[PDB]
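J.: The structure's right below; bear with me while I get my questions together.
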Amino acid sequence: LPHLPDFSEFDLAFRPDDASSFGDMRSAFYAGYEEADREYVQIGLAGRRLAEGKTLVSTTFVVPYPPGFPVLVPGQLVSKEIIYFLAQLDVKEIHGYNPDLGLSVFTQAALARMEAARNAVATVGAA
Amino acid sequence: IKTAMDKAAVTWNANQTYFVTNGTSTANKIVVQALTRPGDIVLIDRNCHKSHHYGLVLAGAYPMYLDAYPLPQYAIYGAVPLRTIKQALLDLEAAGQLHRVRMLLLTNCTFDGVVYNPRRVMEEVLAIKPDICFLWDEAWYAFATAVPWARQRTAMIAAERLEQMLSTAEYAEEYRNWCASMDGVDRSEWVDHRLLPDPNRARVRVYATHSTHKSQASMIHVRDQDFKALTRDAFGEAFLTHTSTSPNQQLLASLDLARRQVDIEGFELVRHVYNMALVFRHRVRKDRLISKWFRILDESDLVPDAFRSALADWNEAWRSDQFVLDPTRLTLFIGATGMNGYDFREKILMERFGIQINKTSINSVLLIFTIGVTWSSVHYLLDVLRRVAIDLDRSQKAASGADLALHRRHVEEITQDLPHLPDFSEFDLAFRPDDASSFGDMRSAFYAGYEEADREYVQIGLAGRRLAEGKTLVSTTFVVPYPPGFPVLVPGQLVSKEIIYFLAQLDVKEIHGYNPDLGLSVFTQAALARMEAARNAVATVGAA
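Chains as they are written, first to last, in PDB author numbering: chain D, 791 to 917; chain C, 357 to 571, 577 to 670, 683 to 917.
Printed below as a string of structure tokens:
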């Protein structure tokens, strides 16, 4: 039995405090509305893309219905266990996800820009 | 099921119609969330349903409050004139904030009855912002789709016609001539000039909300060029946010009975009720006895000439004129009788048939001719008015000089001089992102009022004293007097002497966020100074 998908920390671009593990789900929710900041990556290549070293940050609430609880939330660092669980599970009721187009993920340029802005804001606020 | 939903879309001439089975406010908030993002400014008529204000607060939108032209004689708000919308859209352009605006969010038929012209307002706004969006609150106008002479004033039909027009090479030539005609005219003068959309850039986007039982299931009609591109996923997420599930078969399964009900028999009853309304207006207008005291206000009263311009004349005015008046929302005026509208409702009429009475102004009562109005209702209303007329005539004939003087002062006290209506005052500087424009942060002011240390309660007399003493009175919550059920004070809105005067003379049945016996929620001086200092520091930090 593959291990269950334990929650993976919020991506560093969406965490007000880098030390702590609480994210900013509102900004991740709205930042995903954009069309130039969102990308679709097929499940079959998510593991390969992770291997290369990219940071796959989801943009939508992935909520497999029968369990009833969100596997992924906006700004969640998609982890390999979550990839495997989503690939295995094939229940037709999955809100916020589809297996034909891909898994919504912030584009690397968008994540870089957002994290740069977050770092600047944190540096300025502390000063 | 999907095919049935398509049939419903055909019935309402929309592209996709979504049913919200949790009231109309839920659908309003759904659309507001789907369209607006944080920051994105949204124009809005201040009289709109308070559900829209709460939706804006939830979505963090920066609302620009458009005000309607007053009617001091009858103490009501008519509508926002297109010139005002253009003036606002251009006043933003000076400060550079015009890119931000995303929703005009006008109501389609105000509470009193005035009807907008969707096609013209969309045409004249898409010239300035060819990618704006429109949410038409059709709560009070859902029925008015069966009658052809009012069909063309609905959001969906106007949007479809606007869509077809832009794609016609004839309109291409017309636009080219129009633009060639106004070369060399300053953009700021576009307020005093008819405008046209750009055929290539403009993308019509229209969203409407219809109550299912009015022609608590609600509806959402969508006709958007970029639905599948820029709003599909966001619309689904908002639907999930404010409803158990995203659009599914179960929501659709309910529709088929409603679609049959409306497409087979519903429209006939709407036409019938419109005939009853027209007949009733004529009977009051023509009758020798009723017309002595009772006058039903029509276009010439509620619509000032400045906004004005047989069967052909009637249809042309309803197709091209700016403001018309819906027959089925009667505004009976009783200033001559000398009795308050509240007194009239309490003693004489109230409700005794399919007719309802929604609000009762100082010297009038708004009578709604709903779908349950039959000939008997017209007969009953005419007889009640006739009996009141004969009693008043007899009393006047038997009245002495003192009694006649008392009656004259009764009419004077509620017909000649009335308190000036309060307009939106301003947003407080600490709740205005950029001081150049006049939109404010309604979400920051919303939650900033939760803090008990910052908030305080002030009495009406103390409020007047403070204003005379130069102390800003900023509200902390939605104050919603409920004659029409729309807010008077919104979070952060600066309180003005007009607001206090209006609030100081209210006996309305229901008020939210108001405790007359305790005070009024207002930000403390220190809290406002702190917030303004923080905003100024935030603005200055960008220049560091």
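We put the beta carbon where it would ideally sit given N, CA and C, even for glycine.
#1: Could you list which residues in chain C have their beta carbon closer than 7 Å to that of D:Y830, in chain order?
#2: Within 7 Å (strictly less), CB to CB, does D:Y874 reach chain C?
#3: Kindly list the residues whose CB is nearer than 7 Å to the CB of C:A365, restricted to its own chain and excluding five residues on each side of it in sequence; keep chain order.
#4: For C:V784, which residues from the same chain have a beta carbon less than 7 Å from its beta carbon, with the 5 sequence-adjacent residues on both sides left out?
#5: Just to confirm my understanding: we take C:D587, look at its own chain, exclude 5 residues before and 5 after, and list those with CB closer than 8 Å. What are they?
#6: Since C:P394 meets chain D, which of its residues come closer than 9 Å, beta carbon to beta carbon?
#7: Going by DSSP, which residues form a beta bridge with C:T565?
#8: Does the pairing of the segment 503-519 of chain C with the segment 589-605 of chain C give three or more beta-carbon distances under 8 Å?
#9: Counting only the same chain and skipping the five closest in sequence on each side, list residues whose C-beta sits under 6 Å from that of C:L862.
#10: If D:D827 sits next to D:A836, beta carbons under 8 Å apart, how far is it from one beta carbon to the other, in whole angstroms?
#11: How would you list, in chain order, the residues of chain D whose beta-carbon sits under 7 Å from the beta-carbon of C:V914?
#12: Determine which residues share a DSSP beta bridge with C:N888 and list them.
#13: Below 8 Å, can you find three or more Cβ-Cβ pairs linking the segment 629-637 of chain C to the segment 494-514 of chain C?
#14: Does any residue of chain D bring its CB to less than 7 Å from the CB of C:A709?
#15: Look up D:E799 in the DSSP assignment and say whether it is helix, strand or coil.
#16: Please give the ranges of any beta strand (DSSP E) in the segment 802-874 of chain D, keeping only runs that are unbroken, at least 3 residues long and fully inside the region.
#17: Taking DSSP's pairing of strands, which residues face C:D401 in a bridge?
#18: Below 7 Å between beta carbons: does that hold for C:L846 and C:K870?
#19: Compute the Euclidean distance between the alpha carbons of C:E799 and C:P860, then round it to the nearest angstrom.
#20: Against C:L591, what residues of chain D qualify as contacts under a CB-to-CB distance less than 7 Å, listed in chain order?
#21: Determine the chain D residues that contact C:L601 at a beta-carbon separation under 7 Å, and present them in chain order.
#22: In three-state DSSP terms, what is C:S693?
#23: Just the chain D side, please: which residues come within less than 8 Å of C:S607 by C-beta, in chain order?
#24: With C-beta atoms as the reference, is C:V738 less than 7 Å away from C:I730?
#25: Around the C-beta of residue 918 of chain D, are 16 or more other C-beta atoms found within 10 angstroms, so that it is buried, or is it exposed?
#26: Provide the residue span of the beta strand (DSSP E) that contains C:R702, from first to last.
#27: How would you label C:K720, buried or exposed, when you count the other beta carbons within 10 angstroms and need 16 or more for buried?
#28: How would you call C:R760, buried or exposed, if buried means at least 16 neighbouring beta carbons within 10 angstroms?
#29: Since I believe C:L703 is in contact with C:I657 (beta carbons under 8 Å), could you give me their beta-carbon distance rounded to a whole number of angstroms?
#30: Cβ-heavy atom distance between C:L777 and the ligand ATP below 6 Å?
#31: Alpha carbon to alpha carbon, how far is C:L422 from C:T440? Give it in angstroms, no decimals.
#32: Of the choices C:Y472, C:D468, C:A451, whose alpha-carbon is the least far from that of C:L461?
#33: Can you tell me whether DSSP reads C:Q611 as helix, strand or coil?
#34: CA-CA distance, D:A899 and D:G886?
#35: Under 7 Å, do C:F375 and C:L612 count as touching if we go by C-beta distance?
#36: Do C:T377 and C:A578 count as a contact pair if the criterion is CB distance below 7 Å?
T.: In brief:
#1: Translated into positions along the first sequence, residue 830 of chain D becomes position 40. Neighbours of D:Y830 on chain C: none; closest Cβ ~11 Å, over 7 Å.
#2: Here residue 874 of chain D refers to the residue found at position 84 when the first sequence is read from its first residue. So, not an interface residue.
#3: Taking the second sequence and counting its residues from 1, one reaches residue 365 of chain C at position 9. Cβ within range, chain order: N371, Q372, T373.
#4: Within the second sequence, residue 784 of chain C is the residue found at index 411, counting from 1. For C:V784, where only same-chain residues beyond five positions count, the Cβ hits under 7 Å are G708, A709, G711.
#5: Counting from one through the second sequence, the residue named residue 587 of chain C turns up at place 226. Around C:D587: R559, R561.
#6: Indexing the second sequence from 1 puts residue 394 of chain C at position 38. Here the neighbours are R816, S817, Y820.
#7: Walking along the second sequence from the start, residue 565 of chain C turns up at place 209. Partner(s): C:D493, C:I581.
#8: no
#9: Within the second sequence, numbered from 1, the residue matching residue 862 of chain C stands at position 489. Excluding positions up to five away in sequence, the list reads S848, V852.
#10: For the purposes of this step, residue 827 of chain D is taken as residue 37 along the first sequence, with counting starting at 1. For the purposes of this step, residue 836 of chain D is taken as residue 46 along the first sequence, with counting starting at 1. That pair is no contact at about 18 Å.
#11: In the second sequence, counting from the first residue as 1, residue 914 of chain C sits at position 541. Think of a sphere of 7 Å around the beta carbon of C:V914: the chain D residues whose beta carbon falls inside it are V914, in chain order.
#12: Counting from one through the second sequence, the residue named residue 888 of chain C turns up at place 515. According to DSSP, which records beta bridges pairwise, C:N888 is partnered with C:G892.
#13: yes
#14: As a working note, residue 709 of chain C is residue 336 in the second sequence. For C:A709, not one C-beta of chain D is nearer than 7 Å to its own C-beta.
#15: By one-based count along the first sequence, residue 799 of chain D stands at place 9. If DSSP states are grouped into helix, strand and coil, D:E799 belongs with coil.
#16: 828-831
#17: By 1-based counting over the second sequence, the position of residue 401 of chain C is 45. According to DSSP, which records beta bridges pairwise, C:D401 is partnered with C:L422.
#18: Along the second sequence, one-based indexing puts residue 846 of chain C at 473. Along the second sequence, one-based indexing puts residue 870 of chain C at 497. Their beta carbons are not under 7 Å apart, which means C:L846 does not touch C:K870 by this criterion.
#19: Here the question's residue 799 of chain C lines up with position 426 in the second sequence. Here the question's residue 860 of chain C lines up with position 487 in the second sequence. Straight-line Cα distance between these residues: approximately 14 Å.
#20: Taking the second sequence and counting its residues from 1, the one referred to as residue 591 of chain C is at position 230. Within chain D, the residues near C:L591 are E825.
#21: Residue mapping note: residue 601 of chain C aligns to position 240 of the second sequence, counting from 1. Per Cβ cutoff of 7 Å: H885.
#22: Here residue 693 of chain C refers to the residue found at position 320 when the second sequence is read from its first residue. C:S693: helix per DSSP, three-state reduction.
#23: By one-based count along the second sequence, residue 607 of chain C stands at place 246. Result: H885.
#24: Looking up residue 738 of chain C in the second sequence gives position 365. Looking up residue 730 of chain C in the second sequence gives position 357. Going by C-beta atoms, C:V738 is nearer than 7 Å to C:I730.
#25: No information on residue 918 of chain D is available, as it lies outside the stretch 791 to 917 that chain D covers here.
#26: Start at 1 with the first residue of the second sequence, and residue 702 of chain C comes out as number 329. Here the beta strand (DSSP E) through C:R702 covers 702-706.
#27: Within the second sequence, the letter at position 347 stands for residue 720 of chain C. The residue is exposed, with fewer than 16 neighbouring Cβ atoms inside 10 Å.
#28: Looking up residue 760 of chain C in the second sequence gives position 387. Counting Cβ neighbours within 10 Å, C:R760 comes out exposed, since fewer than 16 surround it.
#29: Translated into positions along the second sequence, residue 657 of chain C becomes position 296. Translated into positions along the second sequence, residue 703 of chain C becomes position 330. With a Cβ gap of about 6 Å, C:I657 and C:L703 count as contacting.
#30: As far as ligands go, the structure on display features none, and thus does not contain the ligand ATP.
#31: Against the second sequence, residue 440 of chain C aligns to sequence position 84. Against the second sequence, residue 422 of chain C aligns to sequence position 66. Taking the straight line joining both Cα atoms gives about 7 Å.
#32: Against the second sequence, residue 461 of chain C aligns to sequence position 105. Nearest of C:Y472, C:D468, C:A451 to C:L461, Cα basis: C:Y472.
#33: As a working mapping, residue 611 of chain C is identified with position 250 in the second sequence. Helix at C:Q611.
#34: The sequence position of residue 899 of chain D within the first sequence is 109, counting from 1. The sequence position of residue 886 of chain D within the first sequence is 96, counting from 1. Taking the straight line from one Cα to the other gives about 23 Å.
#35: In the second sequence, the residue the question calls residue 375 of chain C occupies position 19. In the second sequence, the residue the question calls residue 612 of chain C occupies position 251. Cβ distance < 7 Å, so C:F375 and C:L612 count as in contact.
#36: Walking along the second sequence from the start, residue 578 of chain C turns up at place 217. Walking along the second sequence from the start, residue 377 of chain C turns up at place 21. Yes, they are a contact pair.
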